[PDB]
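Chemist: File run10.cif follows (mmCIF, C-alpha atoms and all ligand atoms):
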```
data_coords
loop_
_atom_site.label_atom_id
_atom_site.label_comp_id
_atom_site.auth_asym_id
_atom_site.auth_seq_id
_atom_site.Cartn_x
_atom_site.Cartn_y
_atom_site.Cartn_z
CA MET H 1 0.00 0.00 0.00
CA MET H 2 0.83 3.81 -0.33
CA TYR H 3 1.85 4.04 3.38
CA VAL H 4 3.50 1.53 5.76
CA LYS H 5 3.59 1.29 9.57
CA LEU H 6 6.85 1.06 11.52
CA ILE H 7 6.36 0.19 15.18
CA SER H 8 9.00 1.00 17.78
CA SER H 9 10.05 -1.21 20.75
CA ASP H 10 7.91 1.01 23.03
CA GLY H 11 4.76 0.78 20.87
CA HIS H 12 4.84 4.07 18.90
CA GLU H 13 3.40 3.61 15.43
CA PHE H 14 5.04 5.63 12.65
CA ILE H 15 3.14 5.82 9.37
CA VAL H 16 5.48 6.71 6.51
CA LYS H 17 5.20 6.61 2.68
CA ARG H 18 6.13 3.14 1.33
CA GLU H 19 8.75 4.71 -1.01
CA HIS H 20 10.40 6.48 1.96
CA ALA H 21 10.60 3.28 4.05
CA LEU H 22 12.15 1.40 1.06
CA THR H 23 15.29 3.62 1.65
CA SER H 24 16.16 0.98 4.29
CA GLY H 25 17.26 -2.27 2.65
CA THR H 26 16.23 -4.19 5.81
CA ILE H 27 12.67 -2.71 5.78
CA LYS H 28 12.47 -3.35 1.99
CA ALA H 29 13.13 -7.05 2.67
CA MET H 30 10.75 -7.18 5.69
CA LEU H 31 7.91 -5.80 3.55
CA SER H 32 8.43 -7.97 0.45
CA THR H 33 2.98 -7.03 4.69
CA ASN H 34 2.21 -3.37 5.55
CA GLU H 35 3.53 -3.27 9.18
CA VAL H 36 6.99 -3.89 10.63
CA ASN H 37 7.82 -4.31 14.35
CA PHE H 38 11.23 -3.22 15.68
CA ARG H 39 11.74 -4.82 19.10
CA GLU H 40 15.16 -3.11 19.48
CA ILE H 41 14.48 0.42 18.15
CA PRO H 42 12.85 2.84 20.63
CA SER H 43 10.59 5.77 19.54
CA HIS H 44 13.24 8.47 20.07
CA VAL H 45 15.39 6.60 17.52
CA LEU H 46 12.68 5.41 15.09
CA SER H 47 11.20 8.93 14.80
CA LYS H 48 14.69 10.20 13.76
CA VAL H 49 15.02 7.30 11.27
CA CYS H 50 11.71 8.39 9.66
CA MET H 51 12.95 12.01 9.53
CA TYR H 52 16.08 10.68 7.78
CA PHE H 53 13.90 8.91 5.15
CA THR H 54 12.11 12.21 4.43
CA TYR H 55 15.47 14.07 4.29
CA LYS H 56 17.01 11.46 1.96
CA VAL H 57 14.06 11.39 -0.46
CA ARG H 58 13.83 15.21 -0.52
CA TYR H 59 17.51 15.97 -1.05
CA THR H 60 18.80 13.02 -3.20
CA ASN H 61 19.04 14.06 -6.90
CA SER H 62 18.61 17.76 -6.06
CA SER H 63 20.76 20.82 -6.88
CA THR H 64 19.17 22.92 -4.06
CA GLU H 65 21.70 23.46 -1.18
CA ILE H 66 21.59 20.40 1.10
CA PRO H 67 21.43 21.12 4.85
CA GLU H 68 23.17 19.06 7.54
CA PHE H 69 21.13 16.14 8.95
CA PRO H 70 21.06 16.92 12.69
CA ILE H 71 21.79 14.26 15.29
CA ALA H 72 21.60 15.06 19.00
CA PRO H 73 24.58 13.61 20.93
CA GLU H 74 22.17 11.73 23.29
CA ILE H 75 20.66 9.75 20.35
CA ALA H 76 23.88 9.25 18.28
CA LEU H 77 24.86 5.78 19.63
CA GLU H 78 21.42 4.16 19.34
CA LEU H 79 20.78 5.85 15.98
CA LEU H 80 24.13 4.45 14.72
CA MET H 81 23.12 0.92 15.76
CA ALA H 82 19.67 1.34 14.18
CA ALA H 83 21.17 2.74 10.93
CA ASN H 84 23.60 -0.18 10.81
CA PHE H 85 20.74 -2.73 11.21
CA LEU H 86 18.52 -0.90 8.73
CA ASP H 87 21.27 -0.49 6.06
CA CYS H 88 20.51 3.18 5.43
CA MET X 1 5.99 25.32 -1.29
CA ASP X 2 6.23 21.96 0.55
CA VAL X 3 5.88 21.71 4.30
CA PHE X 4 7.03 18.56 6.20
CA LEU X 5 4.83 17.31 9.03
CA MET X 6 4.33 14.80 11.86
CA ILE X 7 0.57 14.38 12.48
CA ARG X 8 0.38 12.97 16.02
CA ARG X 9 -2.30 11.33 18.20
CA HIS X 10 -1.64 9.16 21.30
CA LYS X 11 1.04 6.67 20.03
CA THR X 12 0.42 7.37 16.30
CA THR X 13 2.64 9.61 14.14
CA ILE X 14 2.07 10.17 10.42
CA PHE X 15 5.01 11.50 8.40
CA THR X 16 3.66 13.41 5.40
CA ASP X 17 4.20 16.58 3.37
CA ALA X 18 1.67 19.15 2.14
CA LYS X 19 1.60 22.52 0.31
CA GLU X 20 1.89 25.70 2.39
CA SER X 21 -1.23 26.93 0.47
CA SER X 22 -3.18 23.72 1.27
CA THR X 23 -5.89 23.97 3.98
CA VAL X 24 -6.41 22.35 7.41
CA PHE X 25 -9.51 20.67 5.87
CA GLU X 26 -7.42 19.29 2.99
CA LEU X 27 -4.97 17.92 5.60
CA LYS X 28 -7.94 16.20 7.36
CA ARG X 29 -8.72 14.49 3.99
CA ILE X 30 -5.09 13.19 3.96
CA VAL X 31 -5.57 11.85 7.51
CA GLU X 32 -8.88 10.28 6.33
CA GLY X 33 -7.07 8.44 3.53
CA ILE X 34 -4.61 7.00 6.09
CA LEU X 35 -6.48 6.45 9.38
CA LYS X 36 -9.99 6.00 7.78
CA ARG X 37 -11.76 8.67 9.90
CA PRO X 38 -13.77 11.45 8.24
CA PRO X 39 -12.88 15.15 8.67
CA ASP X 40 -16.00 15.73 10.86
CA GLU X 41 -14.54 13.24 13.39
CA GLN X 42 -11.11 15.05 13.45
CA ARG X 43 -9.59 18.08 15.21
CA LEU X 44 -6.15 19.39 14.20
CA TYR X 45 -3.93 21.42 16.51
CA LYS X 46 -0.75 23.47 16.46
CA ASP X 47 0.44 23.07 20.08
CA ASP X 48 -2.79 23.69 22.16
CA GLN X 49 -4.41 25.88 19.45
CA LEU X 50 -7.32 24.35 17.51
CA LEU X 51 -6.90 24.91 13.76
CA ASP X 52 -9.77 26.26 11.60
CA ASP X 53 -10.63 24.13 8.52
CA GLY X 54 -10.50 27.04 6.06
CA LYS X 55 -7.06 28.27 7.14
CA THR X 56 -3.97 27.42 5.06
CA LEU X 57 -1.07 25.51 6.62
CA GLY X 58 1.04 28.67 6.10
CA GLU X 59 -1.57 30.71 8.01
CA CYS X 60 -1.39 28.10 10.80
CA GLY X 61 2.39 28.66 11.14
CA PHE X 62 3.57 25.68 9.07
CA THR X 63 6.07 27.22 6.67
CA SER X 64 9.08 25.86 4.70
CA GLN X 65 11.34 27.55 7.32
CA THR X 66 9.66 25.67 10.26
CA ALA X 67 8.50 22.38 8.76
CA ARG X 68 11.73 20.88 7.35
CA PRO X 69 12.25 17.30 6.08
CA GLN X 70 14.86 16.65 8.81
CA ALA X 71 12.87 18.52 11.50
CA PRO X 72 9.15 18.26 10.63
CA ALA X 73 6.52 20.37 12.37
CA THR X 74 4.05 18.64 14.71
CA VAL X 75 0.28 18.76 14.06
CA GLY X 76 -1.85 17.42 16.94
CA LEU X 77 -4.84 15.19 16.16
CA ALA X 78 -7.94 14.28 18.25
CA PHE X 79 -10.85 12.08 17.19
CA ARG X 80 -14.59 12.29 18.01
CA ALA X 81 -15.40 9.43 20.38
CA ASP X 82 -19.23 8.99 20.07
CA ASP X 83 -20.39 12.62 19.40
CA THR X 84 -17.94 14.10 21.99
CA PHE X 85 -14.31 14.95 21.06
CA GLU X 86 -11.51 13.44 23.13
CA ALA X 87 -8.85 15.68 24.70
CA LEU X 88 -5.67 16.27 22.63
CA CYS X 89 -3.19 13.72 23.93
CA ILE X 90 0.19 13.04 22.37
CA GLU X 91 2.35 10.36 24.00
CA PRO X 92 5.95 11.58 24.24
CA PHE X 93 8.75 9.61 22.62
CA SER X 94 11.08 7.50 24.83
CA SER X 95 13.88 9.20 26.76
CA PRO X 96 17.45 8.74 25.54
CA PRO X 97 19.79 7.11 28.08
CA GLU X 98 22.33 9.20 30.00
CA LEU X 99 25.19 10.52 27.84
CA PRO X 100 28.26 8.25 28.33
CA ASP X 101 31.35 9.68 30.06
CA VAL X 102 33.21 9.47 26.68
CA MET X 103 30.77 12.16 25.32
CA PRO Y 1 49.12 7.39 -11.92
CA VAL Y 2 45.59 7.21 -13.39
CA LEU Y 3 43.73 9.96 -11.45
CA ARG Y 4 45.99 12.94 -12.19
CA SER Y 5 45.90 16.47 -13.61
CA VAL Y 6 46.73 16.99 -17.27
CA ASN Y 7 49.51 19.61 -17.73
CA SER Y 8 47.52 21.64 -20.31
CA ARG Y 9 49.13 24.99 -19.40
CA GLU Y 10 45.73 26.58 -20.41
CA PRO Y 11 44.45 28.79 -17.60
CA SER Y 12 40.91 28.39 -16.31
CA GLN Y 13 39.45 30.71 -13.68
CA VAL Y 14 37.15 28.99 -11.20
CA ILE Y 15 34.95 30.10 -8.29
CA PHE Y 16 34.98 27.66 -5.39
CA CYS Y 17 31.54 28.12 -3.62
CA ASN Y 18 31.30 26.50 -0.21
CA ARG Y 19 27.52 25.84 -0.06
CA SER Y 20 28.07 23.62 2.99
CA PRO Y 21 28.33 24.16 6.78
CA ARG Y 22 31.83 22.58 6.83
CA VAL Y 23 35.26 24.18 6.55
CA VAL Y 24 36.29 23.00 3.05
CA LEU Y 25 39.73 21.64 2.09
CA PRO Y 26 40.27 21.92 -1.66
CA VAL Y 27 42.55 19.16 -2.93
CA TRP Y 28 44.37 19.34 -6.26
CA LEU Y 29 45.57 16.04 -7.78
CA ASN Y 30 49.03 16.94 -9.06
CA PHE Y 31 50.67 15.65 -12.29
CA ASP Y 32 51.83 12.49 -10.43
CA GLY Y 33 48.35 11.80 -8.92
CA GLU Y 34 49.37 13.05 -5.45
CA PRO Y 35 46.77 15.01 -3.47
CA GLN Y 36 47.93 18.57 -2.77
CA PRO Y 37 45.98 20.47 -0.11
CA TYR Y 38 45.03 24.10 -0.73
CA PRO Y 39 43.96 26.89 1.74
CA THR Y 40 40.67 26.16 3.53
CA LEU Y 41 37.30 27.82 2.81
CA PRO Y 42 35.02 28.79 5.72
CA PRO Y 43 31.37 27.55 5.55
CA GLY Y 44 29.41 30.20 3.53
CA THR Y 45 32.40 31.59 1.66
CA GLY Y 46 33.52 31.69 -1.99
CA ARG Y 47 37.01 32.11 -3.51
CA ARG Y 48 38.18 33.08 -7.01
CA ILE Y 49 40.84 30.49 -8.03
CA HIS Y 50 43.38 30.44 -10.84
CA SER Y 51 43.60 26.86 -12.14
CA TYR Y 52 44.03 25.13 -15.56
CA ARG Y 53 41.96 23.11 -18.05
CA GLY Y 54 42.09 19.37 -17.35
CA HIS Y 55 43.21 19.77 -13.73
CA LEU Y 56 41.53 17.54 -11.11
CA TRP Y 57 40.02 18.71 -7.83
CA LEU Y 58 38.20 17.07 -4.97
CA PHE Y 59 36.82 18.64 -1.76
CA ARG Y 60 36.69 17.38 1.80
CA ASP Y 61 35.84 18.59 5.33
CA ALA Y 62 39.14 20.18 6.54
CA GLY Y 63 38.85 18.79 10.06
CA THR Y 64 37.41 15.30 9.57
CA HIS Y 65 38.13 14.57 5.87
CA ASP Y 66 34.41 13.74 5.26
CA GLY Y 67 33.65 13.57 1.55
CA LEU Y 68 31.92 16.47 -0.18
CA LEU Y 69 30.36 16.90 -3.62
CA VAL Y 70 31.37 19.45 -6.23
CA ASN Y 71 28.70 20.13 -8.88
CA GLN Y 72 26.90 16.97 -7.62
CA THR Y 73 29.92 14.70 -8.34
CA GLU Y 74 33.23 13.64 -6.68
CA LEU Y 75 35.72 15.29 -9.04
CA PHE Y 76 35.89 18.80 -10.51
CA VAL Y 77 37.73 19.45 -13.75
CA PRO Y 78 38.06 23.11 -14.79
CA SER Y 79 36.85 23.58 -18.35
CA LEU Y 80 37.24 26.31 -21.06
CA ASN Y 81 36.16 29.80 -19.90
CA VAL Y 82 33.58 31.12 -22.39
CA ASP Y 83 33.79 34.98 -22.49
CA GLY Y 84 36.37 34.87 -19.65
CA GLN Y 85 33.37 33.92 -17.41
CA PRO Y 86 34.63 31.68 -14.58
CA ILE Y 87 33.56 28.05 -14.02
CA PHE Y 88 31.47 27.47 -10.89
CA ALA Y 89 32.54 24.77 -8.43
CA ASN Y 90 29.55 24.38 -6.11
CA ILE Y 91 30.74 22.50 -3.02
CA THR Y 92 27.87 20.85 -1.16
CA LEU Y 93 27.30 18.21 1.51
CA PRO Y 94 26.32 14.87 -0.06
CA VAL Y 95 23.25 13.08 1.30
CA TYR Y 96 25.32 10.93 3.67
CA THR Y 97 23.92 7.54 4.71
CA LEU Y 98 22.34 7.77 8.21
CA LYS Y 99 25.08 5.27 9.28
CA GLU Y 100 27.91 7.48 7.95
CA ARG Y 101 26.30 10.58 9.46
CA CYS Y 102 26.05 8.78 12.85
CA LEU Y 103 29.71 7.69 12.55
CA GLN Y 104 30.63 11.38 11.92
CA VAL Y 105 28.76 12.59 15.01
CA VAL Y 106 30.21 9.84 17.24
CA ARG Y 107 33.79 10.52 15.91
CA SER Y 108 33.25 14.24 16.73
CA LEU Y 109 32.24 13.47 20.35
CA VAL Y 110 34.59 10.63 21.41
CA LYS Y 111 38.44 10.64 21.30
CA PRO Y 112 39.88 7.86 19.07
CA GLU Y 113 41.49 6.16 22.10
CA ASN Y 114 38.04 5.73 23.76
CA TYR Y 115 36.27 4.19 20.69
CA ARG Y 116 36.83 0.71 22.22
CA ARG Y 117 35.11 1.80 25.46
CA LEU Y 118 31.77 2.35 23.59
CA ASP Y 119 29.08 -0.30 24.17
CA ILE Y 120 28.61 -1.27 20.48
CA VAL Y 121 29.23 -4.31 18.20
CA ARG Y 122 32.90 -4.95 17.13
CA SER Y 123 32.07 -4.18 13.44
CA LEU Y 124 30.92 -0.66 14.47
CA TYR Y 125 34.18 -0.04 16.39
CA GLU Y 126 36.05 -0.82 13.13
CA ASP Y 127 33.65 1.45 11.17
CA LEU Y 128 34.46 4.36 13.57
CA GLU Y 129 38.22 3.73 13.21
CA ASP Y 130 37.96 3.52 9.38
CA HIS Y 131 37.76 7.31 9.24
CA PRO Y 132 37.46 9.08 5.86
CA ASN Y 133 40.76 9.39 3.99
CA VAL Y 134 41.64 11.01 0.60
CA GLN Y 135 44.17 8.31 -0.38
CA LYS Y 136 41.58 5.55 0.24
CA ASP Y 137 38.98 7.43 -1.88
CA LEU Y 138 41.51 7.95 -4.68
CA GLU Y 139 42.19 4.17 -4.66
CA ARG Y 140 38.42 3.54 -4.75
CA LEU Y 141 37.81 6.02 -7.64
CA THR Y 142 40.76 4.49 -9.56
CA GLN Y 143 39.28 0.96 -9.12
CA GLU Y 144 35.84 2.14 -10.31
CA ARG Y 145 37.34 3.56 -13.56
CA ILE Y 146 38.83 0.13 -14.52
CA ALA Y 147 35.35 -1.51 -14.31
CA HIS Y 148 34.22 0.88 -17.14
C1 LIG C 1 49.76 30.05 -18.42
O1 LIG C 1 50.49 28.88 -18.74
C2 LIG C 1 51.31 28.47 -17.67
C3 LIG C 1 52.35 27.53 -18.18
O2 LIG C 1 53.09 26.97 -17.10
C4 LIG C 1 52.96 25.55 -17.00
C5 LIG C 1 51.62 25.19 -16.43
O3 LIG C 1 51.54 25.83 -15.13
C6 LIG C 1 51.06 25.12 -14.10
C7 LIG C 1 51.03 25.60 -12.78
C8 LIG C 1 50.51 24.61 -12.06
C9 LIG C 1 50.13 24.50 -10.66
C10 LIG C 1 49.16 25.61 -10.28
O4 LIG C 1 49.45 26.78 -10.47
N1 LIG C 1 47.95 25.25 -9.82
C11 LIG C 1 47.45 23.90 -9.58
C12 LIG C 1 45.95 24.08 -9.71
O5 LIG C 1 45.55 24.06 -11.08
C13 LIG C 1 45.71 25.46 -9.12
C14 LIG C 1 46.95 26.27 -9.53
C15 LIG C 1 47.41 27.17 -8.39
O6 LIG C 1 48.21 26.78 -7.53
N2 LIG C 1 46.91 28.41 -8.41
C16 LIG C 1 47.18 29.40 -7.37
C17 LIG C 1 47.13 30.79 -7.99
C18 LIG C 1 46.18 29.24 -6.24
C19 LIG C 1 44.92 28.70 -6.49
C20 LIG C 1 44.01 28.51 -5.46
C21 LIG C 1 44.32 28.90 -4.16
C22 LIG C 1 43.34 28.74 -3.07
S1 LIG C 1 42.44 27.28 -2.98
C23 LIG C 1 41.60 27.91 -1.63
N3 LIG C 1 41.93 29.11 -1.27
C24 LIG C 1 42.91 29.61 -2.10
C25 LIG C 1 43.41 30.99 -1.84
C26 LIG C 1 45.59 29.42 -3.91
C27 LIG C 1 46.50 29.59 -4.94
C28 LIG C 1 51.38 24.51 -9.76
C29 LIG C 1 52.13 23.23 -10.06
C30 LIG C 1 50.99 24.56 -8.28
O7 LIG C 1 50.17 23.58 -12.87
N4 LIG C 1 50.56 23.91 -14.19
#
```
Let me see the file written as structure tokens.

Modeler:
Amino acid sequence: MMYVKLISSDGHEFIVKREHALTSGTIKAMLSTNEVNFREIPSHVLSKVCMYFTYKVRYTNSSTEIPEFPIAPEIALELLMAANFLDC
Amino acid sequence: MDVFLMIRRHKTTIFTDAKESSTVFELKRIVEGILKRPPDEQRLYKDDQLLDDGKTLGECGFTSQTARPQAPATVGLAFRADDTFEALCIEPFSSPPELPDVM
Amino acid sequence: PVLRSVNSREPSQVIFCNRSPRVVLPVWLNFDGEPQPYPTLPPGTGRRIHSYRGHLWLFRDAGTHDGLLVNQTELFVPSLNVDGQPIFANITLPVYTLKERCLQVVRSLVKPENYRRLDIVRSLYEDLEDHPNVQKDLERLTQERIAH
């Protein structure tokens, strides 16, 4: 379907465009199914992952000046582990 | 001009974009297409402020400068639970652990 | 040997535009393929440069050596100036992978001696230590040209 649901370890449900979620090779495999559960990714990490998908889709193949993707120091370690698992 | 949003209710968060010129009502139609609830059973908020259906997202404070892809703006959502609207409730995200000594 | 500037001796005026929030390190690949570093560019700044046709340039973050794009690609080759009008070299941040961006932030917060003290998988420790390097990228770009 047009949108997919990504559920964090703490139960937050993130509804993102299917195309945006396909940025993650891991999610792309898990779908090919309209919902994915992440028992190791909390909401403060998964929300940032979804913001990254939006950022990536908006700024890839674009000549408009690309801004820095911000990562708070407090989330950096978990976000790194999540990015590594998600292949994105 | 595109505006990047997080439409939030309880433990639900929708990541979507919309035009700055698009209306609050048109955004309710987007929510309808996702969560299958009609606009009459929806209330949209910017912080504690209830948003009027005829107002544009730009008029509601959602501009390209404040609703970025990497830092989307939050739109609160409340549904009508049997003729009476529920209170706006947005469950906060989990807390990050304490910053290690190495940081 | 392969990735090197051509000694054309034909001047080409270029404007290096740092459209990134990083301090930029312009790198010229000399006639032997060796990277030669040039003076750094602060974040929103531009510089008029005297270079030559067929010369090769690449741009990196001056402090961390993170890769940057120039006109949406890795290498910049000054071309013929039409009407003496300079060639634009628009230096922008690439869309880094979320993994690479996380590695950058972690590298910026923890000293390299304390990478092993982080509670992460062994492969991620190695990923942090495999910091960006111009010589490694030149080897990679050279390998990718052979495939063609
Ligand atoms: C006219 O025919 C000449 C014939 O002579 C035979 C052909 O000559 C030459 C001359 C050269 C090279 C050369 O000069 N280059 C290499 C780049 O192409 C750039 C150029 C160069 O160094 N320009 C000077 C002016 C310069 C440019 C940029 C800066 C920067 S970068 C960031 N902030 C600053 C301030 C600083 C200095 C020298 C070997 C260094 O290679 N072949």

Chemist: Kindly determine which residues of chain Y lie within 12 Å of chain X, considering only C-alpha atoms, and give the answer as a PDB file with C-alpha atoms, in the coordinates of the input.

Modeler:
```
ATOM      1  CA  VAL Y  95      23.250  13.080   1.300  1.00  0.00           C
ATOM      2  CA  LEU Y  98      22.340   7.770   8.210  1.00  0.00           C
ATOM      3  CA  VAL Y 105      28.760  12.590  15.010  1.00  0.00           C
ATOM      4  CA  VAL Y 106      30.210   9.840  17.240  1.00  0.00           C
ATOM      5  CA  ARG Y 107      33.790  10.520  15.910  1.00  0.00           C
ATOM      6  CA  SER Y 108      33.250  14.240  16.730  1.00  0.00           C
ATOM      7  CA  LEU Y 109      32.240  13.470  20.350  1.00  0.00           C
ATOM      8  CA  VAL Y 110      34.590  10.630  21.410  1.00  0.00           C
ATOM      9  CA  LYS Y 111      38.440  10.640  21.300  1.00  0.00           C
ATOM     10  CA  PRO Y 112      39.880   7.860  19.070  1.00  0.00           C
ATOM     11  CA  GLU Y 113      41.490   6.160  22.100  1.00  0.00           C
ATOM     12  CA  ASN Y 114      38.040   5.730  23.760  1.00  0.00           C
ATOM     13  CA  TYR Y 115      36.270   4.190  20.690  1.00  0.00           C
ATOM     14  CA  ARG Y 116      36.830   0.710  22.220  1.00  0.00           C
ATOM     15  CA  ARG Y 117      35.110   1.800  25.460  1.00  0.00           C
ATOM     16  CA  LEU Y 118      31.770   2.350  23.590  1.00  0.00           C
ATOM     17  CA  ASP Y 119      29.080  -0.300  24.170  1.00  0.00           C
TER      18      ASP Y 119
END
```

Chemist: Quick one: residues within 9 Å of residue 30 in chain X, only C-alpha atoms, excluding same-chain residues fewer than 5 positions away - as a PyMOL selection string?

Modeler: chain X and resi 16+25+35

Chemist: By how many Å are CA of residue 44 in chain X and CA of residue 80 in chain X apart?

Modeler: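 Separation of CA of residue 44 in chain X and CA of residue 80 in chain X: 11.7 Å.
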
Chemist: I'd like the interatomic distance between CA of residue 141 in chain Y and atom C16 of ligand LIG 1 (chain C), to a tenth of an Å.

Modeler: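 Here the two named atoms are 25.2 Å from each other.
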
Chemist: Pick out the residues sitting within 12 Å of residue 52 in chain X, and hand them over as an mmCIF file with C-alpha atoms, keeping the file's coordinate frame; count all atoms listed in the file, and ignore anything fewer than 6 positions along from it in its own chain.

Modeler:
```
data_model
loop_
_atom_site.group_PDB
_atom_site.id
_atom_site.type_symbol
_atom_site.label_atom_id
_atom_site.label_comp_id
_atom_site.auth_asym_id
_atom_site.auth_seq_id
_atom_site.Cartn_x
_atom_site.Cartn_y
_atom_site.Cartn_z
ATOM 1 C CA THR X 23 -5.890 23.970 3.980
ATOM 2 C CA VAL X 24 -6.410 22.350 7.410
ATOM 3 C CA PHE X 25 -9.510 20.670 5.870
ATOM 4 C CA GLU X 26 -7.420 19.290 2.990
ATOM 5 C CA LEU X 27 -4.970 17.920 5.600
ATOM 6 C CA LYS X 28 -7.940 16.200 7.360
ATOM 7 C CA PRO X 39 -12.880 15.150 8.670
ATOM 8 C CA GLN X 42 -11.110 15.050 13.450
ATOM 9 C CA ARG X 43 -9.590 18.080 15.210
ATOM 10 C CA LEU X 44 -6.150 19.390 14.200
ATOM 11 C CA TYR X 45 -3.930 21.420 16.510
ATOM 12 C CA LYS X 46 -0.750 23.470 16.460
ATOM 13 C CA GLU X 59 -1.570 30.710 8.010
ATOM 14 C CA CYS X 60 -1.390 28.100 10.800
#
```

Chemist: Could you list, as a ChimeraX atom specification, all protein and nucleic acid residues with an atom at most 12 Å from ligand LIG 1 (chain C), counting all atoms listed in the file?

Modeler: /Y:4-18,23-32,34-42,45-59,62,76-79,89

Chemist: Could you check which of X:21, X:64, X:70, X:84 is closest to chain H, using only C-alpha atoms?

Modeler: X:70

Chemist: Kindly determine which residues of chain H lie within 12 Å of chain Y, considering all atoms listed in the file, and give the answer as JSON, numbers by chain.

Modeler: {"H": [23, 24, 45, 48, 49, 50, 51, 52, 53, 54, 55, 56, 57, 58, 59, 60, 61, 62, 63, 64, 65, 66, 67, 68, 69, 70, 71, 72, 73, 74, 75, 76, 77, 78, 79, 80, 81, 82, 83, 84, 85, 86, 87, 88]}

Chemist: Which residues of chain X have any atom within 9 Å of an atom in chain H when counting all atoms listed in the file, and what is the closest pair of atoms for each, with the distance in Å to one decimal? Order the rows by chain and rising number and write it as JSON lines.

Modeler:
```
{"residue": "X:4", "atom": "CA", "partner": "H:54", "partner_atom": "CA", "distance": 8.3}
{"residue": "X:10", "atom": "CA", "partner": "H:12", "partner_atom": "CA", "distance": 8.6}
{"residue": "X:11", "atom": "CA", "partner": "H:12", "partner_atom": "CA", "distance": 4.7}
{"residue": "X:12", "atom": "CA", "partner": "H:13", "partner_atom": "CA", "distance": 4.9}
{"residue": "X:13", "atom": "CA", "partner": "H:14", "partner_atom": "CA", "distance": 4.9}
{"residue": "X:14", "atom": "CA", "partner": "H:15", "partner_atom": "CA", "distance": 4.6}
{"residue": "X:15", "atom": "CA", "partner": "H:16", "partner_atom": "CA", "distance": 5.2}
{"residue": "X:16", "atom": "CA", "partner": "H:16", "partner_atom": "CA", "distance": 7.0}
{"residue": "X:34", "atom": "CA", "partner": "H:3", "partner_atom": "CA", "distance": 7.6}
{"residue": "X:68", "atom": "CA", "partner": "H:55", "partner_atom": "CA", "distance": 8.4}
{"residue": "X:69", "atom": "CA", "partner": "H:55", "partner_atom": "CA", "distance": 4.9}
{"residue": "X:70", "atom": "CA", "partner": "H:51", "partner_atom": "CA", "distance": 5.1}
{"residue": "X:71", "atom": "CA", "partner": "H:51", "partner_atom": "CA", "distance": 6.8}
{"residue": "X:72", "atom": "CA", "partner": "H:51", "partner_atom": "CA", "distance": 7.4}
{"residue": "X:91", "atom": "CA", "partner": "H:12", "partner_atom": "CA", "distance": 8.5}
{"residue": "X:92", "atom": "CA", "partner": "H:43", "partner_atom": "CA", "distance": 8.8}
{"residue": "X:93", "atom": "CA", "partner": "H:43", "partner_atom": "CA", "distance": 5.3}
{"residue": "X:94", "atom": "CA", "partner": "H:44", "partner_atom": "CA", "distance": 5.3}
{"residue": "X:95", "atom": "CA", "partner": "H:44", "partner_atom": "CA", "distance": 6.8}
{"residue": "X:96", "atom": "CA", "partner": "H:74", "partner_atom": "CA", "distance": 6.0}
{"residue": "X:97", "atom": "CA", "partner": "H:74", "partner_atom": "CA", "distance": 7.1}
{"residue": "X:98", "atom": "CA", "partner": "H:74", "partner_atom": "CA", "distance": 7.2}
{"residue": "X:99", "atom": "CA", "partner": "H:74", "partner_atom": "CA", "distance": 5.6}
{"residue": "X:100", "atom": "CA", "partner": "H:74", "partner_atom": "CA", "distance": 8.6}
{"residue": "X:103", "atom": "CA", "partner": "H:73", "partner_atom": "CA", "distance": 7.7}
```

Chemist: To one decimal place, how far is CA of residue 64 in chain Y from CA of residue 132 in chain Y in Å?

Modeler: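 Taking CA of residue 64 in chain Y as the start and CA of residue 132 in chain Y as the end point, the length is 7.2 Å.
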
Chemist: Taking all listed atoms of range 2-14 of chain Y, build the axis-aligned box, pad each of the six sides by 5 Å, then write its centre and edge lengths in Å to one decimal as JSON.

Modeler:
```
{"center_x": 43.3, "center_y": 19.0, "center_z": -15.8, "size_x": 22.4, "size_y": 33.5, "size_z": 19.2}
```
